[PDB]
>>> print(open('input-v9.txt').read())   # compact mmCIF, C-alpha atoms and all ligand atoms
# COMPACT_ATOMS: atom_id res chain seq x y z
CA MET S 1 129.60 151.71 -140.85
CA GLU S 2 129.51 155.28 -139.56
CA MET S 3 132.44 157.17 -140.52
CA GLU S 4 133.48 157.44 -136.91
CA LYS S 5 133.74 153.68 -136.58
CA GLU S 6 135.77 153.42 -139.73
CA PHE S 7 138.09 156.22 -138.54
CA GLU S 8 138.62 154.39 -135.24
CA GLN S 9 139.63 151.27 -137.12
CA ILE S 10 142.00 153.11 -139.46
CA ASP S 11 143.58 154.87 -136.50
CA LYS S 12 144.04 151.68 -134.55
CA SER S 13 145.57 149.81 -137.41
CA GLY S 14 147.81 152.82 -138.46
CA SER S 15 146.57 152.34 -142.05
CA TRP S 16 146.14 155.94 -143.23
CA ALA S 17 149.22 155.71 -145.42
CA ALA S 18 147.97 152.41 -147.04
CA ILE S 19 144.49 153.86 -147.74
CA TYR S 20 146.08 157.08 -149.12
CA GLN S 21 148.41 155.08 -151.43
CA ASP S 22 145.35 153.09 -152.65
CA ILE S 23 143.73 156.37 -153.65
CA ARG S 24 146.84 157.41 -155.53
CA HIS S 25 146.93 154.07 -157.33
CA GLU S 26 143.25 154.36 -158.36
CA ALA S 27 143.24 158.02 -159.34
CA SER S 28 142.41 159.20 -162.88
CA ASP S 29 145.06 160.28 -165.27
CA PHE S 30 144.19 162.52 -168.14
CA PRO S 31 146.32 164.65 -170.39
CA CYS S 32 147.72 168.04 -169.55
CA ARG S 33 149.11 169.03 -172.92
CA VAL S 34 148.36 172.78 -172.66
CA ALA S 35 150.02 173.04 -169.27
CA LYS S 36 153.12 171.52 -170.73
CA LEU S 37 153.56 173.85 -173.74
CA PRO S 38 156.87 175.65 -173.57
CA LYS S 39 155.34 179.03 -173.47
CA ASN S 40 153.47 178.11 -170.27
CA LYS S 41 156.48 177.14 -168.22
CA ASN S 42 156.39 180.46 -166.32
CA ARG S 43 152.75 180.09 -165.56
CA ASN S 44 153.17 176.94 -163.46
CA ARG S 45 154.43 177.09 -159.87
CA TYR S 46 155.25 173.29 -159.76
CA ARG S 47 156.19 171.18 -162.83
CA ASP S 48 154.36 168.10 -161.41
CA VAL S 49 151.01 169.95 -160.61
CA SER S 50 149.13 170.66 -163.82
CA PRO S 51 145.48 171.06 -164.70
CA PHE S 52 143.97 168.42 -166.98
CA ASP S 53 143.06 169.70 -170.36
CA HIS S 54 139.46 168.66 -170.03
CA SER S 55 138.68 170.64 -166.92
CA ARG S 56 141.10 173.55 -167.15
CA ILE S 57 139.80 177.12 -166.83
CA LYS S 58 140.46 179.12 -170.04
CA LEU S 59 141.20 182.80 -169.81
CA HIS S 60 139.06 184.73 -172.36
CA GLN S 61 141.58 187.35 -173.50
CA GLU S 62 143.06 185.83 -176.88
CA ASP S 63 146.88 185.85 -176.49
CA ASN S 64 147.45 182.85 -174.22
CA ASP S 65 144.41 181.34 -172.48
CA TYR S 66 146.41 179.35 -169.94
CA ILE S 67 146.09 179.50 -166.15
CA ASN S 68 146.91 176.65 -163.74
CA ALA S 69 143.32 176.24 -162.56
CA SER S 70 140.68 173.52 -162.74
CA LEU S 71 136.91 173.42 -162.62
CA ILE S 72 135.75 170.76 -160.12
CA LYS S 73 132.12 170.13 -160.91
CA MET S 74 130.34 167.88 -158.37
CA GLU S 75 127.14 166.79 -160.06
CA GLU S 76 125.33 164.98 -157.19
CA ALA S 77 126.31 167.67 -154.62
CA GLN S 78 125.36 170.43 -157.07
CA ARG S 79 128.41 172.59 -156.29
CA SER S 80 131.39 173.70 -158.38
CA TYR S 81 134.74 174.94 -157.31
CA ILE S 82 137.83 176.33 -159.14
CA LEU S 83 141.02 174.96 -157.63
CA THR S 84 144.16 176.89 -158.56
CA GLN S 85 147.72 177.42 -157.53
CA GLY S 86 148.77 180.36 -155.46
CA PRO S 87 149.42 183.12 -158.04
CA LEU S 88 152.94 183.82 -159.20
CA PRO S 89 154.27 187.38 -159.54
CA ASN S 90 153.46 187.20 -163.20
CA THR S 91 150.10 185.50 -163.00
CA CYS S 92 148.25 187.79 -160.51
CA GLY S 93 146.56 189.54 -163.38
CA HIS S 94 145.54 186.23 -164.93
CA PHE S 95 144.18 185.19 -161.54
CA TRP S 96 141.92 188.20 -161.20
CA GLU S 97 140.95 187.94 -164.86
CA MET S 98 139.78 184.40 -164.06
CA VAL S 99 137.79 185.62 -161.05
CA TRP S 100 136.16 188.32 -163.24
CA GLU S 101 135.35 186.06 -166.19
CA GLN S 102 134.07 183.21 -164.05
CA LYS S 103 131.85 185.55 -162.05
CA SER S 104 133.16 184.30 -158.75
CA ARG S 105 132.02 186.00 -155.54
CA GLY S 106 134.58 184.36 -153.23
CA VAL S 107 138.24 183.53 -153.05
CA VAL S 108 139.38 180.99 -150.43
CA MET S 109 143.06 181.03 -149.44
CA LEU S 110 144.49 178.37 -147.18
CA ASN S 111 148.16 179.36 -146.93
CA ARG S 112 150.28 182.30 -145.88
CA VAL S 113 152.36 184.16 -148.47
CA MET S 114 155.50 183.10 -146.63
CA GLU S 115 155.81 179.78 -144.76
CA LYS S 116 159.12 178.30 -143.28
CA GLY S 117 161.16 181.10 -144.83
CA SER S 118 159.90 180.46 -148.29
CA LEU S 119 157.43 182.17 -150.78
CA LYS S 120 154.31 180.17 -151.30
CA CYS S 121 152.11 182.69 -153.06
CA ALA S 122 152.53 186.20 -154.51
CA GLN S 123 150.91 189.12 -152.51
CA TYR S 124 148.04 189.29 -155.00
CA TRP S 125 145.65 191.56 -153.03
CA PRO S 126 146.20 194.96 -151.36
CA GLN S 127 147.16 195.12 -147.71
CA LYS S 128 146.13 198.76 -147.39
CA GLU S 129 142.98 200.54 -148.36
CA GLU S 130 144.82 203.54 -149.75
CA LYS S 131 147.23 201.49 -151.90
CA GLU S 132 145.15 199.74 -154.55
CA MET S 133 146.58 197.30 -157.10
CA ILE S 134 146.42 197.76 -160.87
CA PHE S 135 147.02 194.71 -163.09
CA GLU S 136 148.06 196.39 -166.27
CA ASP S 137 148.18 193.20 -168.36
CA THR S 138 144.50 192.30 -167.82
CA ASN S 139 143.19 195.85 -167.20
CA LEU S 140 141.88 195.26 -163.68
CA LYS S 141 141.93 197.36 -160.52
CA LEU S 142 141.61 195.88 -157.02
CA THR S 143 140.97 197.84 -153.81
CA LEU S 144 140.81 196.66 -150.23
CA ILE S 145 137.51 197.95 -148.75
CA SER S 146 137.67 196.40 -145.27
CA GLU S 147 138.92 193.47 -143.31
CA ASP S 148 137.84 191.54 -140.28
CA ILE S 149 140.89 189.87 -138.73
CA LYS S 150 140.13 187.02 -136.28
CA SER S 151 142.18 184.48 -134.43
CA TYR S 152 142.13 181.76 -137.01
CA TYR S 153 141.17 183.54 -140.26
CA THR S 154 140.59 186.86 -141.89
CA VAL S 155 137.68 187.98 -144.11
CA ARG S 156 138.31 190.79 -146.54
CA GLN S 157 136.03 192.83 -148.64
CA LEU S 158 137.68 193.69 -152.01
CA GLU S 159 136.39 195.77 -154.95
CA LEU S 160 137.46 194.44 -158.36
CA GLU S 161 137.01 196.80 -161.31
CA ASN S 162 137.21 196.03 -165.01
CA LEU S 163 139.01 199.12 -166.22
CA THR S 164 137.76 198.44 -169.83
CA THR S 165 134.12 198.96 -168.85
CA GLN S 166 134.33 200.58 -165.41
CA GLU S 167 132.07 197.81 -164.05
CA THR S 168 132.83 196.91 -160.41
CA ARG S 169 132.20 193.90 -158.27
CA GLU S 170 132.59 193.05 -154.59
CA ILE S 171 134.76 190.02 -154.01
CA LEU S 172 135.07 188.34 -150.59
CA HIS S 173 138.49 187.00 -149.66
CA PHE S 174 138.39 184.19 -147.01
CA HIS S 175 141.90 183.70 -145.67
CA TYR S 176 142.65 180.83 -143.34
CA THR S 177 145.73 182.09 -141.64
CA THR S 178 146.63 179.43 -139.15
CA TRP S 179 147.33 176.17 -141.03
CA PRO S 180 150.53 174.88 -139.47
CA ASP S 181 153.85 175.02 -141.27
CA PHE S 182 154.12 171.23 -140.94
CA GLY S 183 151.28 168.73 -140.98
CA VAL S 184 147.62 169.56 -140.40
CA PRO S 185 145.60 171.23 -137.66
CA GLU S 186 145.18 169.09 -134.55
CA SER S 187 141.46 169.90 -134.44
CA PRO S 188 139.25 170.82 -137.35
CA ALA S 189 137.10 173.17 -135.30
CA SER S 190 138.57 176.39 -136.77
CA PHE S 191 138.62 174.97 -140.32
CA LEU S 192 134.96 174.18 -139.87
CA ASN S 193 134.09 177.63 -138.51
CA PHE S 194 135.93 179.00 -141.60
CA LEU S 195 133.98 176.79 -143.92
CA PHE S 196 130.75 177.86 -142.29
CA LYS S 197 131.62 181.55 -142.80
CA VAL S 198 132.23 180.89 -146.47
CA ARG S 199 128.98 179.14 -146.76
CA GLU S 200 127.02 181.77 -144.94
CA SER S 201 128.42 184.55 -147.18
CA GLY S 202 126.60 183.08 -150.19
CA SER S 203 129.84 182.67 -152.06
CA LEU S 204 129.14 178.97 -152.77
CA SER S 205 125.66 179.51 -153.99
CA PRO S 206 124.63 178.68 -157.55
CA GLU S 207 123.73 182.28 -158.36
CA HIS S 208 127.50 183.06 -158.50
CA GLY S 209 130.36 181.53 -160.32
CA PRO S 210 132.44 178.92 -158.62
CA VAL S 211 134.44 179.88 -155.63
CA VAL S 212 138.13 180.07 -156.24
CA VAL S 213 140.17 178.02 -153.83
CA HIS S 214 143.95 177.93 -153.51
CA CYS S 215 146.90 177.10 -151.36
CA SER S 216 150.36 176.94 -152.78
CA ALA S 217 149.88 174.20 -155.47
CA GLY S 218 146.01 174.16 -155.21
CA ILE S 219 145.73 170.46 -154.49
CA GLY S 220 146.54 169.62 -150.79
CA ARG S 221 144.95 171.96 -148.36
CA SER S 222 142.66 173.12 -151.13
CA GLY S 223 141.55 169.59 -151.68
CA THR S 224 140.62 169.25 -147.95
CA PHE S 225 138.37 172.32 -148.20
CA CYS S 226 136.45 171.14 -151.26
CA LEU S 227 136.37 167.44 -150.07
CA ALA S 228 134.98 168.39 -146.65
CA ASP S 229 132.38 170.81 -148.13
CA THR S 230 131.17 168.31 -150.72
CA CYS S 231 130.99 165.34 -148.33
CA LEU S 232 128.99 167.53 -145.87
CA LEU S 233 126.59 168.59 -148.63
CA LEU S 234 126.15 164.93 -149.70
CA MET S 235 125.42 164.00 -146.02
CA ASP S 236 122.69 166.54 -145.75
CA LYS S 237 121.17 165.70 -149.12
CA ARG S 238 121.15 161.89 -148.84
CA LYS S 239 118.52 159.97 -146.89
CA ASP S 240 121.44 158.03 -145.26
CA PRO S 241 124.50 160.24 -144.35
CA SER S 242 126.58 157.15 -143.47
CA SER S 243 126.51 156.01 -147.13
CA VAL S 244 128.91 158.99 -147.86
CA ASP S 245 132.21 157.39 -148.65
CA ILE S 246 134.88 160.06 -148.46
CA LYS S 247 137.38 157.94 -150.54
CA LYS S 248 134.83 157.69 -153.35
CA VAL S 249 134.17 161.47 -153.28
CA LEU S 250 137.87 162.23 -153.35
CA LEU S 251 138.25 159.90 -156.36
CA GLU S 252 135.46 161.73 -158.05
CA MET S 253 137.15 165.07 -157.40
CA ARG S 254 140.42 163.69 -158.75
CA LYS S 255 138.74 163.26 -162.15
CA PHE S 256 138.95 167.05 -162.36
CA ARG S 257 142.34 167.87 -160.81
CA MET S 258 145.31 165.72 -160.08
CA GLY S 259 146.71 165.19 -156.67
CA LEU S 260 143.93 166.39 -154.46
CA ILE S 261 144.98 165.54 -150.81
CA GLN S 262 148.71 165.22 -150.79
CA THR S 263 149.46 163.26 -147.68
CA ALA S 264 147.97 160.62 -145.41
CA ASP S 265 147.73 163.26 -142.61
CA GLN S 266 145.61 165.41 -144.93
CA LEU S 267 143.34 162.46 -145.60
CA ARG S 268 142.94 161.80 -141.91
CA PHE S 269 142.23 165.47 -141.27
CA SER S 270 139.56 165.47 -144.02
CA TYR S 271 137.83 162.53 -142.25
CA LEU S 272 138.06 164.32 -138.96
CA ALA S 273 136.58 167.52 -140.43
CA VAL S 274 133.70 165.74 -142.03
CA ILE S 275 133.02 163.75 -138.79
CA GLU S 276 132.97 166.83 -136.59
CA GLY S 277 131.17 169.00 -139.20
CA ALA S 278 128.42 166.37 -139.62
CA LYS S 279 127.88 166.52 -135.86
CA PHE S 280 126.93 170.25 -136.32
CA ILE S 281 124.56 169.63 -139.16
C1 LIG S 301 146.32 158.56 -132.77
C2 LIG S 301 146.72 158.58 -134.21
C3 LIG S 301 146.52 157.48 -135.03
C4 LIG S 301 146.89 157.51 -136.36
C5 LIG S 301 147.46 158.63 -136.93
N1 LIG S 301 147.80 158.59 -138.25
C6 LIG S 301 148.36 159.68 -138.78
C7 LIG S 301 148.75 159.69 -140.24
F1 LIG S 301 147.66 160.08 -140.92
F2 LIG S 301 149.73 160.61 -140.58
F3 LIG S 301 149.18 158.52 -140.83
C8 LIG S 301 148.59 160.82 -138.03
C9 LIG S 301 148.25 160.87 -136.68
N2 LIG S 301 148.54 162.11 -136.04
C10 LIG S 301 149.37 162.25 -134.85
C11 LIG S 301 148.72 163.18 -133.85
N3 LIG S 301 148.54 164.50 -134.43
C12 LIG S 301 147.91 164.55 -135.76
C13 LIG S 301 148.33 165.81 -136.51
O1 LIG S 301 147.52 166.90 -136.14
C14 LIG S 301 148.18 163.37 -136.67
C15 LIG S 301 147.66 159.74 -136.11
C16 LIG S 301 147.29 159.70 -134.77
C1 LIG S 302 124.36 175.23 -136.22
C2 LIG S 302 125.28 174.94 -137.37
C3 LIG S 302 124.75 174.67 -138.61
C4 LIG S 302 125.59 174.40 -139.67
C5 LIG S 302 126.96 174.40 -139.52
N1 LIG S 302 127.72 174.12 -140.61
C6 LIG S 302 129.05 174.11 -140.46
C7 LIG S 302 129.94 173.81 -141.61
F1 LIG S 302 131.19 173.37 -141.28
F2 LIG S 302 129.45 172.89 -142.45
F3 LIG S 302 130.09 174.90 -142.37
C8 LIG S 302 129.68 174.38 -139.26
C9 LIG S 302 128.91 174.66 -138.14
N2 LIG S 302 129.72 174.93 -137.01
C10 LIG S 302 129.58 176.23 -136.35
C11 LIG S 302 129.99 176.19 -134.90
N3 LIG S 302 131.34 175.66 -134.70
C12 LIG S 302 131.47 174.34 -135.32
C13 LIG S 302 132.85 173.71 -135.20
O1 LIG S 302 133.77 174.53 -134.53
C14 LIG S 302 131.02 174.30 -136.75
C15 LIG S 302 127.51 174.67 -138.26
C16 LIG S 302 126.65 174.94 -137.20
>>> encode(input="input-v9.txt", output="structure tokens")
Amino acid sequence: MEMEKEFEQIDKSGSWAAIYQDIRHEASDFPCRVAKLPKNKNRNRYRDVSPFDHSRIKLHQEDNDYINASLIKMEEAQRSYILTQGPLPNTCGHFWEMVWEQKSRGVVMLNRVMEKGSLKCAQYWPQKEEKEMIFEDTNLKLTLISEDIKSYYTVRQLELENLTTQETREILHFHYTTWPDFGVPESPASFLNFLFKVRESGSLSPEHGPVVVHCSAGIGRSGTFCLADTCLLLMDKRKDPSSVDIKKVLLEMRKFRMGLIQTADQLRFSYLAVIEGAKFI
């Protein structure tokens, strides 16, 4: 059963909601005790989106190691990702500290800072070359070097400096700017072109740390990005690409972060992206 044939059946029967609820029912549940400590209340954007203790990213400054971020480690696909929430006004320094400590080369952002009148993410990078950001709490400086604005996404070149050592690193910011305010994109073509730009940058390679991916909560749109990338890698690696079961991969990813793919529409879109992206590979 090619994925295309399955998709046709699901679409005809209108069963995307039933299949999505099955995934929810089967998903892993593990503790999130650290996330729930009182002193970490202001570090969580949403009270019902927490990282599991087993897979959470620890900040290395002693103090408070907590950030709402999870390491998704896909063993068969040989790729890792860090999924995180959109930074809060008080956690932008922790975010960049994470990127520094984890040796990430890329940040993937799948939201806009404001959507439907409402703040989804803090403005955690500089909009102007001449107006750099200093995160005084984690002793980091961030400068916009250049950007390449296109119709569906923007790629920025950032310089991140550890002010303690004066070491600097180039970080690439991949910003998908056109996800609709409601629902999902009608066609995955632009999402796929975005994904291919991330890939081609080398940001997902094993010589770097895991890419950091976020949206607002770091589980819906972010989950589509990692699910589509992993299923496409599994397709190219396996002798038989039609043995890739996207529901099984998503369940695997949900061992590492709760909630990945938040709606039936997102699940459908993930299928569509993997179908069309497989056609290109
Ligand atoms: C033909 C057909 C069959 C089943 C469907 N099932 C869902 C669901 F996943 F939400 F349940 C969503 C659909 N649509 C509407 C069209 N525009 C799309 C948004 O871009 C989503 C959809 C469409
Ligand atoms: C030749 C080639 C090889 C690998 C590829 N890998 C990906 C993806 F998604 F895996 F990164 C996406 C591709 N393309 C680019 C062209 N436009 C297409 C849809 O608009 C998507 C692609 C194309």
>>> residues_around(input="input-v9.txt", residues="stretch 193-206 of chain S", least_positions_apart="2", cutoff="12 Å", atoms="all atoms listed in the file", output="JSON list (two decimals) with C-alpha atoms, in the frame of the given file")
[["chain", "number", "residue", "atom", "x", "y", "z"],
["S", 73, "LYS", "CA", 132.12, 170.13, -160.91],
["S", 77, "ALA", "CA", 126.31, 167.67, -154.62],
["S", 78, "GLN", "CA", 125.36, 170.43, -157.07],
["S", 79, "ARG", "CA", 128.41, 172.59, -156.29],
["S", 80, "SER", "CA", 131.39, 173.70, -158.38],
["S", 81, "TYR", "CA", 134.74, 174.94, -157.31],
["S", 82, "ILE", "CA", 137.83, 176.33, -159.14],
["S", 103, "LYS", "CA", 131.85, 185.55, -162.05],
["S", 104, "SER", "CA", 133.16, 184.30, -158.75],
["S", 105, "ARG", "CA", 132.02, 186.00, -155.54],
["S", 106, "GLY", "CA", 134.58, 184.36, -153.23],
["S", 107, "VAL", "CA", 138.24, 183.53, -153.05],
["S", 108, "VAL", "CA", 139.38, 180.99, -150.43],
["S", 109, "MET", "CA", 143.06, 181.03, -149.44],
["S", 110, "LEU", "CA", 144.49, 178.37, -147.18],
["S", 150, "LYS", "CA", 140.13, 187.02, -136.28],
["S", 151, "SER", "CA", 142.18, 184.48, -134.43],
["S", 152, "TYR", "CA", 142.13, 181.76, -137.01],
["S", 153, "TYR", "CA", 141.17, 183.54, -140.26],
["S", 154, "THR", "CA", 140.59, 186.86, -141.89],
["S", 155, "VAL", "CA", 137.68, 187.98, -144.11],
["S", 156, "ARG", "CA", 138.31, 190.79, -146.54],
["S", 157, "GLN", "CA", 136.03, 192.83, -148.64],
["S", 170, "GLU", "CA", 132.59, 193.05, -154.59],
["S", 171, "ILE", "CA", 134.76, 190.02, -154.01],
["S", 172, "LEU", "CA", 135.07, 188.34, -150.59],
["S", 173, "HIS", "CA", 138.49, 187.00, -149.66],
["S", 174, "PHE", "CA", 138.39, 184.19, -147.01],
["S", 175, "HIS", "CA", 141.90, 183.70, -145.67],
["S", 176, "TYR", "CA", 142.65, 180.83, -143.34],
["S", 177, "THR", "CA", 145.73, 182.09, -141.64],
["S", 178, "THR", "CA", 146.63, 179.43, -139.15],
["S", 179, "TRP", "CA", 147.33, 176.17, -141.03],
["S", 187, "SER", "CA", 141.46, 169.90, -134.44],
["S", 188, "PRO", "CA", 139.25, 170.82, -137.35],
["S", 189, "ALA", "CA", 137.10, 173.17, -135.30],
["S", 190, "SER", "CA", 138.57, 176.39, -136.77],
["S", 191, "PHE", "CA", 138.62, 174.97, -140.32],
["S", 208, "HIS", "CA", 127.50, 183.06, -158.50],
["S", 209, "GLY", "CA", 130.36, 181.53, -160.32],
["S", 210, "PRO", "CA", 132.44, 178.92, -158.62],
["S", 211, "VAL", "CA", 134.44, 179.88, -155.63],
["S", 212, "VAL", "CA", 138.13, 180.07, -156.24],
["S", 213, "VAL", "CA", 140.17, 178.02, -153.83],
["S", 222, "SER", "CA", 142.66, 173.12, -151.13],
["S", 224, "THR", "CA", 140.62, 169.25, -147.95],
["S", 225, "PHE", "CA", 138.37, 172.32, -148.20],
["S", 226, "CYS", "CA", 136.45, 171.14, -151.26],
["S", 227, "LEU", "CA", 136.37, 167.44, -150.07],
["S", 228, "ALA", "CA", 134.98, 168.39, -146.65],
["S", 229, "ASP", "CA", 132.38, 170.81, -148.13],
["S", 230, "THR", "CA", 131.17, 168.31, -150.72],
["S", 232, "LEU", "CA", 128.99, 167.53, -145.87],
["S", 233, "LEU", "CA", 126.59, 168.59, -148.63],
["S", 273, "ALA", "CA", 136.58, 167.52, -140.43],
["S", 274, "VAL", "CA", 133.70, 165.74, -142.03],
["S", 276, "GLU", "CA", 132.97, 166.83, -136.59],
["S", 277, "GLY", "CA", 131.17, 169.00, -139.20],
["S", 280, "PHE", "CA", 126.93, 170.25, -136.32],
["S", 281, "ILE", "CA", 124.56, 169.63, -139.16]]
>>> closest_residue(input="input-v9.txt", among="S:214, S:43, S:99, S:34", to="residue S:55", atoms="all atoms listed in the file")
S:34
>>> closest_residue(input="input-v9.txt", among="S:257, S:5, S:12, S:24", to="ligand LIG 301 (chain S)", atoms="all atoms listed in the file")
S:12
>>> closest_residue(input="input-v9.txt", among="S:74, S:69, S:275, S:219", to="residue S:44", atoms="all atoms listed in the file")
S:69
>>> atom_distance(input="input-v9.txt", atom1="atom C16 of ligand LIG 301 (chain S)", atom2="atom CA of residue S:263")
13.6 Å
>>> residues_near_ligand(input="input-v9.txt", ligand="ligand LIG 301 (chain S)", cutoff="12 Å", atoms="all atoms listed in the file", output="PDB file with C-alpha atoms, in the coordinates of the input")
ATOM      1  CA  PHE S   7     138.090 156.220-138.540  1.00  0.00           C
ATOM      2  CA  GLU S   8     138.620 154.390-135.240  1.00  0.00           C
ATOM      3  CA  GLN S   9     139.630 151.270-137.120  1.00  0.00           C
ATOM      4  CA  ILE S  10     142.000 153.110-139.460  1.00  0.00           C
ATOM      5  CA  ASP S  11     143.580 154.870-136.500  1.00  0.00           C
ATOM      6  CA  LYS S  12     144.040 151.680-134.550  1.00  0.00           C
ATOM      7  CA  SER S  13     145.570 149.810-137.410  1.00  0.00           C
ATOM      8  CA  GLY S  14     147.810 152.820-138.460  1.00  0.00           C
ATOM      9  CA  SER S  15     146.570 152.340-142.050  1.00  0.00           C
ATOM     10  CA  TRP S  16     146.140 155.940-143.230  1.00  0.00           C
ATOM     11  CA  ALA S  17     149.220 155.710-145.420  1.00  0.00           C
ATOM     12  CA  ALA S  18     147.970 152.410-147.040  1.00  0.00           C
ATOM     13  CA  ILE S  19     144.490 153.860-147.740  1.00  0.00           C
ATOM     14  CA  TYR S  20     146.080 157.080-149.120  1.00  0.00           C
ATOM     15  CA  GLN S  21     148.410 155.080-151.430  1.00  0.00           C
ATOM     16  CA  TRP S 179     147.330 176.170-141.030  1.00  0.00           C
ATOM     17  CA  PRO S 180     150.530 174.880-139.470  1.00  0.00           C
ATOM     18  CA  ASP S 181     153.850 175.020-141.270  1.00  0.00           C
ATOM     19  CA  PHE S 182     154.120 171.230-140.940  1.00  0.00           C
ATOM     20  CA  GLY S 183     151.280 168.730-140.980  1.00  0.00           C
ATOM     21  CA  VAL S 184     147.620 169.560-140.400  1.00  0.00           C
ATOM     22  CA  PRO S 185     145.600 171.230-137.660  1.00  0.00           C
ATOM     23  CA  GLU S 186     145.180 169.090-134.550  1.00  0.00           C
ATOM     24  CA  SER S 187     141.460 169.900-134.440  1.00  0.00           C
ATOM     25  CA  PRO S 188     139.250 170.820-137.350  1.00  0.00           C
ATOM     26  CA  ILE S 261     144.980 165.540-150.810  1.00  0.00           C
ATOM     27  CA  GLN S 262     148.710 165.220-150.790  1.00  0.00           C
ATOM     28  CA  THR S 263     149.460 163.260-147.680  1.00  0.00           C
ATOM     29  CA  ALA S 264     147.970 160.620-145.410  1.00  0.00           C
ATOM     30  CA  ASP S 265     147.730 163.260-142.610  1.00  0.00           C
ATOM     31  CA  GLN S 266     145.610 165.410-144.930  1.00  0.00           C
ATOM     32  CA  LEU S 267     143.340 162.460-145.600  1.00  0.00           C
ATOM     33  CA  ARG S 268     142.940 161.800-141.910  1.00  0.00           C
ATOM     34  CA  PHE S 269     142.230 165.470-141.270  1.00  0.00           C
ATOM     35  CA  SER S 270     139.560 165.470-144.020  1.00  0.00           C
ATOM     36  CA  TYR S 271     137.830 162.530-142.250  1.00  0.00           C
ATOM     37  CA  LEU S 272     138.060 164.320-138.960  1.00  0.00           C
ATOM     38  CA  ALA S 273     136.580 167.520-140.430  1.00  0.00           C
TER      39      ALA S 273
END
>>> axis_aligned_box(input="input-v9.txt", around="ligand LIG 302 (chain S)", padding_each_side="8 Å", output="lines of an AutoDock Vina configuration file")
center_x = 129.1
center_y = 174.6
center_z = -138.5
size_x = 25.4
size_y = 19.3
size_z = 23.9
>>> residues_near_point(input="input-v9.txt", point="(138.9, 159.7, -161.7)", cutoff="8 Å", atoms="only C-alpha atoms", output="MDAnalysis selection string")
chainID S and resid 26:29 251:256
>>> atom_distance(input="input-v9.txt", atom1="atom CA of residue S:135", atom2="atom CA of residue S:39")
20.6 Å
>>> closest_residue(input="input-v9.txt", among="S:88, S:217, S:163, S:249", to="residue S:49", atoms="all atoms listed in the file")
S:217
>>> atom_distance(input="input-v9.txt", atom1="atom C7 of ligand LIG 302 (chain S)", atom2="atom CA of residue S:221")
16.6 Å
>>> residues_near_point(input="input-v9.txt", point="(133.2, 196.8, -163.7)", cutoff="12 Å", atoms="all atoms listed in the file", output="VMD selection string")
chain S and resid 97 100 to 101 103 139 to 142 159 to 171
>>> closest_residue(input="input-v9.txt", among="S:244, S:71, S:1, S:234", to="ligand LIG 302 (chain S)", atoms="only C-alpha atoms and all ligand atoms")
S:234
>>> residues_around(input="input-v9.txt", residues="residue S:66", least_positions_apart="6", cutoff="12 Å", atoms="only C-alpha atoms", output="PDB file with C-alpha atoms, in the frame of the given file")
ATOM      1  CA  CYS S  32     147.720 168.040-169.550  1.00  0.00           C
ATOM      2  CA  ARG S  33     149.110 169.030-172.920  1.00  0.00           C
ATOM      3  CA  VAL S  34     148.360 172.780-172.660  1.00  0.00           C
ATOM      4  CA  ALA S  35     150.020 173.040-169.270  1.00  0.00           C
ATOM      5  CA  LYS S  36     153.120 171.520-170.730  1.00  0.00           C
ATOM      6  CA  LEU S  37     153.560 173.850-173.740  1.00  0.00           C
ATOM      7  CA  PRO S  38     156.870 175.650-173.570  1.00  0.00           C
ATOM      8  CA  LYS S  39     155.340 179.030-173.470  1.00  0.00           C
ATOM      9  CA  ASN S  40     153.470 178.110-170.270  1.00  0.00           C
ATOM     10  CA  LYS S  41     156.480 177.140-168.220  1.00  0.00           C
ATOM     11  CA  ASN S  42     156.390 180.460-166.320  1.00  0.00           C
ATOM     12  CA  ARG S  43     152.750 180.090-165.560  1.00  0.00           C
ATOM     13  CA  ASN S  44     153.170 176.940-163.460  1.00  0.00           C
ATOM     14  CA  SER S  50     149.130 170.660-163.820  1.00  0.00           C
ATOM     15  CA  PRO S  51     145.480 171.060-164.700  1.00  0.00           C
ATOM     16  CA  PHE S  52     143.970 168.420-166.980  1.00  0.00           C
ATOM     17  CA  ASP S  53     143.060 169.700-170.360  1.00  0.00           C
ATOM     18  CA  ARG S  56     141.100 173.550-167.150  1.00  0.00           C
ATOM     19  CA  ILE S  57     139.800 177.120-166.830  1.00  0.00           C
ATOM     20  CA  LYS S  58     140.460 179.120-170.040  1.00  0.00           C
ATOM     21  CA  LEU S  59     141.200 182.800-169.810  1.00  0.00           C
ATOM     22  CA  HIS S  60     139.060 184.730-172.360  1.00  0.00           C
ATOM     23  CA  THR S  84     144.160 176.890-158.560  1.00  0.00           C
ATOM     24  CA  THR S  91     150.100 185.500-163.000  1.00  0.00           C
ATOM     25  CA  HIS S  94     145.540 186.230-164.930  1.00  0.00           C
ATOM     26  CA  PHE S  95     144.180 185.190-161.540  1.00  0.00           C
ATOM     27  CA  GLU S  97     140.950 187.940-164.860  1.00  0.00           C
ATOM     28  CA  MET S  98     139.780 184.400-164.060  1.00  0.00           C
TER      29      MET S  98
END
>>> closest_residue(input="input-v9.txt", among="S:96, S:147, S:120, S:68", to="residue S:83", atoms="all atoms listed in the file")
S:68
